[PDB]
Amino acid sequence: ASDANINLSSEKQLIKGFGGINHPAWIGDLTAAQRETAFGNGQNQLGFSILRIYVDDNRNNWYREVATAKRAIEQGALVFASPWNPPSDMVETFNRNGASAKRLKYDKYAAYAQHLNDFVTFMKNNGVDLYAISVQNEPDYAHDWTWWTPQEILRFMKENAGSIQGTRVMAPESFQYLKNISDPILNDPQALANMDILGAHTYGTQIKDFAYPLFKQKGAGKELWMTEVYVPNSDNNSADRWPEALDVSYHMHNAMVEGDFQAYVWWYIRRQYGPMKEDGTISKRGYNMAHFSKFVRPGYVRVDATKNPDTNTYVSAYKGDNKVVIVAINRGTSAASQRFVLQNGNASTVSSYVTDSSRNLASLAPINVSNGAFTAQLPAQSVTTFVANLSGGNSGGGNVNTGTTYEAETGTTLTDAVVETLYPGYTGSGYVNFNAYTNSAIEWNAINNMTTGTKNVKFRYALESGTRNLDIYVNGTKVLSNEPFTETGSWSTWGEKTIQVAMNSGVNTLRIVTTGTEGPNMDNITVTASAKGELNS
């Protein structure tokens, strides 16, 4: 079309995540700081949610994966492992089309499954519960590792898989998503029962081969992961090249919309042609990935959208956590105007971030929505990710109780009051002391709430002997006049005092000011949204 119609109620695949491989044996481990850059979200981090690791044929090297894998699990990431060869007493040589090749010996299948089981439990004993393990990396491009034919894989999936306990089983990790090596698994119910995820690589894979009708036909309840690629090349010092790097986002678009893949996993995380360079910083290829990985979190679903609404423009869209996300790619040489139409879901405003030849996730002005529709300018050779709060929704639990603390001493505006550090036990760099008996004040101007509603505002403060009353203002309106602050009993005894006030979903202000009687020493403020159904008395 021309309009990019985003059908929010027409659900597609459940997104599992985005990531890459750590390979200590071949390129060395990530350093501590690169782990954060890789698997944290928020500022200047890739937001990766999936970590792939090596299953070494030598079990005396298994220890090497633990440090990064633990950390990644602490950052909420999934972990899965891939073998290249079985142990070398399990392998025999043979001639395959003129070349000496390796395969798993036919009487050693049960033992190879025991070697995989042992990896899973070795990691479990060191605090890493694998989401999945794979039968073999690229069994159909194994010139340098161990080959399995479609029937060899099939035999193992029927007879030996699902004696794999402690995790999910993944197969066949074909190099080019070749259907011939997964078809046998899908067409056998007993082999199919033992497969939990169909993994595929996509090296050389044509757009038209991303579809897999048989998987649609017979694959309900199985996951579909794209477990290794790098694109469009492994050229030296290429990670920052533009517009070349834009092919990363196009490929991911293709994976998401043409292949309905739930996970997209890169080859080496840290590499000169990868998403993180050798200096530890995010490359232009890294940011292309970031456009999906940072905003399309695990648990989001893809939703139908006009995929190609103008010759060089590509659109995909996702829904989760009461948000719609849209990824729009203009591959062409001229900037384009693109209208987006939201259907079966609604928003008023839209945030957007854009990567191009001169910018990396640059924040653009909040543009807004009139009757489900909004237009936006997509620069030449750019990828733009849009984000918008959808109407009428919620999912809660505890829940917030997210708890957000704002210190009284920094990020604040003082009138006749000063920061001090005499009495200990304060959070932050100190506390604030009021100087005057009447109208010294502290004003927070940066209180940022997800939603409108009633907020509980807990003051942490110290007060030796008196009661000391404060007037309180929210957004310029006085909500309480001469609110008492009872003694804590000492300038070092920090107490708490909660009030209820109403605040918008944007940036708010809170102002406390003396009225006579001075004030207490003020440590910080904690602002929590009060749940619907809880306003108790």
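Each residue number is its position in the shown sequence, starting from 1.
Mean CA B-factor, 116 to 124 versus 361 to 369: the higher value falls on 361 to 369.
Of the two segments examined, 395 to 403 and 270 to 278, it is 395 to 403 that shows the higher average Cα temperature factor in the deposited entry. Each of 296, 157, 419, 226 has a CA temperature factor in the record; the biggest one is found at 419. Taking the deposited Cα B-factors for 263, 327, 376, 142, the highest one is held by 376. Ranked within its chain, residue 24 lands in the lowest third, by CA B factor from the PDB record. Among the modelled residues of its chain, residue 74 has a C-alpha B-factor that falls in the middle third according to the deposited record.
Split the chain's modelled residues into thirds by C-alpha temperature factor. Residue 148 is in the lowest one.
Sort the chain's modelled residues by C-alpha temperature factor and residue 409 lands in the highest third, per the entry. In this PDB entry, the Cα temperature factor of residue 499 sits in the middle third of its chain's modelled residues.
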